[PDB]
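>>> Based on what follows, work out the 3D shape:
(chains A and B, ligands or ions: 3)
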Amino acid sequence: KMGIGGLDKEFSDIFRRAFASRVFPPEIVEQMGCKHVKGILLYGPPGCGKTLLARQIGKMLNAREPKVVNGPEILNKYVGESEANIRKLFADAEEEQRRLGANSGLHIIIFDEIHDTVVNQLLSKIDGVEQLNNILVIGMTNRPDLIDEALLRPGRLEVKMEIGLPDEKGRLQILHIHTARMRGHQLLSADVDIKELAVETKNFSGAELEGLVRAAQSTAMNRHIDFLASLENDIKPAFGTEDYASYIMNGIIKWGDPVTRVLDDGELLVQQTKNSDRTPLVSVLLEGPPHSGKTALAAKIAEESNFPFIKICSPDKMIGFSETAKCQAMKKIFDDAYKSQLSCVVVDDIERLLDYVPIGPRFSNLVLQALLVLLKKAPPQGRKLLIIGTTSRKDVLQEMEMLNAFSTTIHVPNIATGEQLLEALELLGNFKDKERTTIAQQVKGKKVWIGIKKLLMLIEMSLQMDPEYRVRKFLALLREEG
Amino acid sequence: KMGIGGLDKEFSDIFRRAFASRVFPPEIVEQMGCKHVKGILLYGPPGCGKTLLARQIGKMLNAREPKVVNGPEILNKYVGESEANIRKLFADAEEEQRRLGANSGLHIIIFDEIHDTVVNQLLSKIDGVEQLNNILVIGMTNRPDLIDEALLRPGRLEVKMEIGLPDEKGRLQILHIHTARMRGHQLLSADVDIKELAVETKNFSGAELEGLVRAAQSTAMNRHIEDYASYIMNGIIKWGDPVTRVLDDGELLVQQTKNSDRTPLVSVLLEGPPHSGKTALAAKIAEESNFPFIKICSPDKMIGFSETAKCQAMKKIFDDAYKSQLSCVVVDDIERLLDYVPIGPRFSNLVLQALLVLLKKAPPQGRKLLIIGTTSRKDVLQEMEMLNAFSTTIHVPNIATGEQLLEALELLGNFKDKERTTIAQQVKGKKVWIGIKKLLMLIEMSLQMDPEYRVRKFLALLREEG
Ligand SMILES: Nc1ncnc2c1ncn2[C@@H]1O[C@H](COP(=O)(O)OP(=O)(O)OP(=O)(O)O)[C@@H](O)[C@H]1O
Ligand SMILES: Nc1ncnc2c1ncn2[C@@H]1O[C@H](COP(=O)(O)OP(=O)(O)OP(=O)(O)O)[C@@H](O)[C@H]1O
Ligand SMILES: Nc1ncnc2c1ncn2[C@@H]1O[C@H](COP(=O)(O)OP(=O)(O)OP(=O)(O)O)[C@@H](O)[C@H]1O
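Numbering: from 1, shown residues only, chains lettered A, B, ... in the order given. Ligands and ions are numbered 1, 2, ... in the order given. Below is the structure:
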């Protein structure tokens, strides 16, 4: 039962289907009256550690086949020739088979990196004309699509298996074996925790794990002449595969009662999603003054919900794309949303997303159509999705029937109160405590109309000039901004 | 005349054209002075029960040909060799014919599951240099485009006939033999039903059936050691007589359409202001018809498409409707297909023309079809001049009285007797105006609040959607 991290459900099924039909002795097969499977093929993303699995599986099936290995080129040697060779490794098995056919000979052949003559030659040997059973062949390849259709068909390669990147629990299994090997000998790093490593990594192919640990070992070697694992997390991948930290640079500071009302309302919306059998799709939008901080809030709502799949959609990625191309990427995101039973998606800068321009007005029809249809569009029954839109300008959106589409509308107004502004200032903690008092003295009797994004920028702008200057400059700046 | 279910029309024409000119004895070919057809070709979709049909045709042509079977690979053995084989099977027919050429020998050869030298080699055998007539070869294949160019033209394979999309019945037959084998053995699965199995799968090739069976055997082995429903998940309430009345009027349109020859087409238009539930009502109308082919087209299916592509989809669906004797077609989000935007105006004209023209257009004689559309903006549509094109106008309205409201809350059964007792006490006598779906939404928006904040939140929502 060792060793292979994760892939136990998949392993159990695959194992059962290929091996069990062979294993039952001996009447069971005739009672079934079903011919033995010819081959099993596994296709995986690179770094999924296919080879070890194949050697192990082959080893597991027979005491000794004993294993046959084929070079990747396969058809090397021009004169005759290679075709004959492709015929030949099969040929040994078939010879054994003609010599003993009935019972009990098994040969294991594996093809790594699986046109003209070779397609037919292999296809002919694996199935037909007569017999050719009592042997199995496994092909390991990075891409399914590359491979030939004929093999795919039931028969010669009836079953094709796809290996997902290891699960967090699975990831824990792969890390767990290397860690365990390190565990058995006395030396270890106390700081490192298996659970912590597992929670930290979602994306990684197997390979990634052995690689990171090995690299950590190298850093440790360097040390001799968290810890090393933490350093590997810091660098090593290169993983190749949702950052909220890029959308909440600045904190959901509790500047105001409005912040709380919007968030509690967000909780009402997630709660609303949780069941929602009567209504499948959840649509929410945020309408705010520019520099509203609406997007920080939306990102925070997505983080708070923690639905199994939450993916941000970004305006920034769309830039410079053909309008049709913009639609295409967008649709692609939409289908990606489908897989989770419960799911959250973000629409940001919709005025920007649309490519809407105030003069004209001139705007992109196709993007608008994708947006318009999806809220009406229904995810398959069972699986569900919630939609969040951030809009700088409300009226235009109302105008394109977009408002009509959304289930709920929320407002996140700029603070109109000097004291709330003061509270926000305290939360940001930038200027000194004398300054806090002076600002507090100035705000009373005055009305403030400024966005938080704008506000952070304003504070920062006032700060660079010298201390006597900062109070006056900031007040004057506020006056101008007003 | 047996056995092949359906495919009597295609069969009748095909048998006649290939077989009748040869069959007629004997002055007829000369009196006609027309050369016998070299071959007949059929191209078909997977799961069509092809092998049996080919067997039947070959059997039908001669008392005994007697049948020639060609292996799928055909050309196996590169070295000499294959070329000799491809030339050779033809060669035998040629030998018999040269030996007796004049009258009266016919040989039938069939190649299953269809370049360089072989292209020319086959063309040469089928036609020329001299004669090579008095034999026929039929090729049956899943995809048209793959096969060679030289062939299509009148002559070697002058007529190519395409079978209609595969009958389930055959699929049921191929499955039926394997199922029968399991029936035959004592062992069987209670859960498997021939009817269920046939109904779930459409696309699949023959091959696929025995394959599925192998998989079922494997599962047993493991043990020993176009949807109507999805579209309308909610189902339909009947709060008001108008609501019943639209279904009755719709049913009447269907009756008219199916029963009467005089109008090939009727156009069904639903007038509602969104968020109306009318789209659903239209789908329902289609369901009640029980028409042989009813297809509902969804904009999302067309989402992100270029104008031309949407139009092509429309053409495909509608053309699909033409082939059937009669059909019901439901059109949804008519504004969206149009891509009307109130600003502008911006809309796609080309689509407007395709739909509007087709709407006037009628299928070839002996067939009739029914078109149903959902429109947000009857006024805007009339402004286009498209509304005039539609045969009939039907209007579906949002609730207007407190009474329709409680009847709906009751039919849905979400709120308590108490809840409904408070709501009625807050609406009865007053005036309301809210579409059905938002209501179904607000309902969910109120169940999210605590058991005591539900009434207030509900009434708050209804206070906003005014
Ligand atoms: N989940 C995993 N299980 C087992 N081995 C893994 C896993 N992830 C990575 N590996 C590593 O990968 C090796 C075997 O998988 P391998 O990388 O060969 O798969 P692959 O599909 O051939 O990858 P590639 O396509 O990049 O060559 C092992 O040496 C192991 O260290
Ligand atoms: N809950 C929160 N949400 C968003 N931003 C917050 C929060 N707490 C603090 N901030 C800070 O407030 C500002 C967020 O404004 P942001 O620019 O993200 O809004 P926006 O939608 O981009 O406005 P606009 O689109 O009009 O530029 C940043 O300084 C951010 O780091
Ligand atoms: N009494 C009712 N009549 C019609 N539909 C109802 C009723 N009660 C609930 N529904 C449901 O309300 C939902 C409305 O769905 P649908 O999108 O078809 O409405 P629609 O009018 O097409 O919306 P739109 O106006 O955006 O086109 C469906 O789940 C439908 O089954």
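
>>> So which residues on chain A come close to ligand 1?
Contact residues, chain A versus ligand 1 (CB under 6 Å from any ligand atom): A:5-6, A:44, A:46-52, A:142, A:166, A:174, A:205-207, A:209-210. The C-beta positions use only the backbone N, C-alpha and C, and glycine is treated the same way.

>>> Mind doing that once more with 8 Å?
Taking CB under 8 Å from any ligand atom as the contact definition, chain A meets ligand 1 at A:4-7, A:44-53, A:140, A:142, A:165-166, A:170-171, A:173-174, A:204-211.

>>> Please name the spatially closest residue to residue A:334 (chain neighbours excluded).
Spatial nearest neighbour of residue A:334, chain neighbours left out: residue A:374 (6.0 Å); criterion: CB to CB, 6 or more residues apart in numbering or on different chains.

>>> Residue A:451 contacts residue A:295, doesn't it?
No - Residue A:451 lies out of contact with residue A:295 (CB atoms under 8 Å); the separation is 11.4 Å.

>>> picking that back up, among the residues of chain A next to ligand 1, which are in helices?
Members of the residues of chain A next to ligand 1 lying in helices (criterion: DSSP state H): A:50-53, A:170-171, A:173-174, A:206-211.

>>> how about those, which pair is most distant?
Spanning the widest gap among those are A:51 and A:171, at 19.1 Å by CB to CB.

>>> Between the two, point out the one with more neighbours.
Per other CB atoms under 10 Å in any protein chain shown, whichever of residue A:51 and residue A:171 has more neighbours is residue A:171, with 25 against 11.

>>> The more buried one and chain B, how far apart?
28 Å (CB to the nearest CB, to the nearest Å).

>>> Can you name the residues that contact that residue?
A:5, A:6, A:197, A:198, A:201, A:202, A:204, A:209 (CB atoms under 8 Å, 6 or more residues apart in numbering or on different chains).

>>> Would you write a ChimeraX line that selects the buried entries of those?
Typed into ChimeraX, the line below selects the buried ones among the contacts of residue A:171, using 16 or more other CB atoms under 10 Å in any protein chain shown:
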select /A:5,6,197,198,201,204,209
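
>>> hmm, which two among the contacts of residue A:171 are most spread apart?
The distance between the two most remote of the contacts of residue A:171 (CB to CB) is 15.1 Å, for A:5 and A:202.

>>> Looks like residue A:142 contacts residue A:47 (just checking).
No - the pair residue A:142 / residue A:47 is not scored as a contact, 9.6 Å apart, by CB under 8 Å.

>>> who has more neighbours, these two?
Each of residue A:142 and residue A:47 has its neighbours counted (other CB under 10 Å); residue A:47 has more, 18 against 13.

>>> need the contact list for that one.
Residues near residue A:47 by CB under 8 Å, 6+ apart: A:205, A:206, A:207, A:208.

>>> Find the nearest non-adjacent residue to the third one, please.
Put plainly, it is residue A:207. Distances taken as CB to CB, 6+ apart place residue A:47 nearest to residue A:207, at 3.2 Å, with adjacent residues excluded.

>>> Over to the first one?
For residue A:205, ignoring the flanking residues on the chain, the nearest one in space by CB to CB, 6+ apart is residue A:47 at 3.3 Å.

>>> and the one you found, what are its phi and psi?
Dihedral angles of residue A:47 (phi, psi; degrees, to the nearest 10) stand at phi 90, psi 0.

>>> What distance do you get for it to residue A:216?
Here the criterion is CB to CB, to the nearest Å. By it, residue A:47 lies 17 Å from residue A:216.

>>> And residue A:262, by the same measure?
Per CB to CB, residue A:262 is found 43 Å from residue A:216.

>>> same check, this time on residue A:421
Between residue A:421 and residue A:216 the distance is 48 Å, computed by CB to CB.

>>> One more: residue A:422?
The gap separating residue A:422 from residue A:216 is 48 Å, by CB to CB.

>>> What of residue A:97?
Plainly put, residue A:97 is 49 Å away from residue A:216 if you go by CB to CB.

>>> can you pull the contacts of residue A:482?
Residue A:482 is in contact with A:447, A:448, A:449, A:450, counting by CB under 8 Å, 6+ apart.

>>> The third one contacts residue A:416, correct?
Translated: residue A:449. Yes - counting by CB under 8 Å, residue A:449 touches residue A:416, with 6.4 Å between them.

>>> just to revisit the earlier point, for the contacts of residue A:47, name the two members farthest from one another.
With CB to CB as the measure, no two of the contacts of residue A:47 lie farther apart than A:206 and A:208, at 6.5 Å.

>>> the strands in the stretch 101-250 of chain A, which residues?
A:107-112, A:135-141, A:159-162 (DSSP state E, counting those that start in this stretch).

>>> From the contact counts, what lies against the first one?
Strand A:107-112 makes packing contacts with helix A:50-61, strand A:68-70, helix A:82-100, strand A:135-141 when contacts are defined by 3 or more CB pairs under 8 Å, 6 or more residues apart in numbering or on different chains; DSSP states H and E.

>>> chain center to stretch A:44-58: distance?
In terms of CA atoms, centre = their mean, to the nearest Å, the centre of stretch A:44-58 is found 22 Å from the chain centre.

>>> Return that stretch as CSV; C-alpha atoms alone will do.
Provided in CSV are the C-alpha atoms of stretch A:44-58 (Å, rounded to 0.1, in the frame of the first residue of the first chain):
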residue,chain,number,x,y,z
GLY,A,44,-1.4,14.2,-16.2
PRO,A,45,-0.1,17.8,-15.9
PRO,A,46,3.7,17.9,-15.8
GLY,A,47,5.4,17.3,-12.4
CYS,A,48,2.5,15.1,-11.2
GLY,A,49,5.0,12.2,-10.7
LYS,A,50,3.5,9.8,-13.2
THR,A,51,6.6,7.6,-13.6
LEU,A,52,7.0,6.5,-10.0
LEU,A,53,3.3,5.6,-10.0
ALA,A,54,3.7,3.6,-13.2
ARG,A,55,6.7,1.6,-12.0
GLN,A,56,5.0,1.0,-8.7
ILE,A,57,1.7,-0.1,-10.3
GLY,A,58,3.6,-2.5,-12.7
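
>>> Contact residues of the stretch 351-482 of chain A facing ligand 2?
Counting by CB under 8 Å from any ligand atom, the stretch 351-482 of chain A sits next to ligand 2 at A:352, A:390, A:392, A:451, A:452, A:453, A:455, A:456, A:457.

>>> Now for the residue in chain A that ligand 3 sits nearest to: which residues touch it?
Using CB to the nearest ligand atom, the single residue of chain A nearest to ligand 3 is residue A:376, 5.6 Å away. Contact partners of residue A:376, counting by CB under 8 Å, 6+ apart, are A:405, B:299, B:300, B:333.
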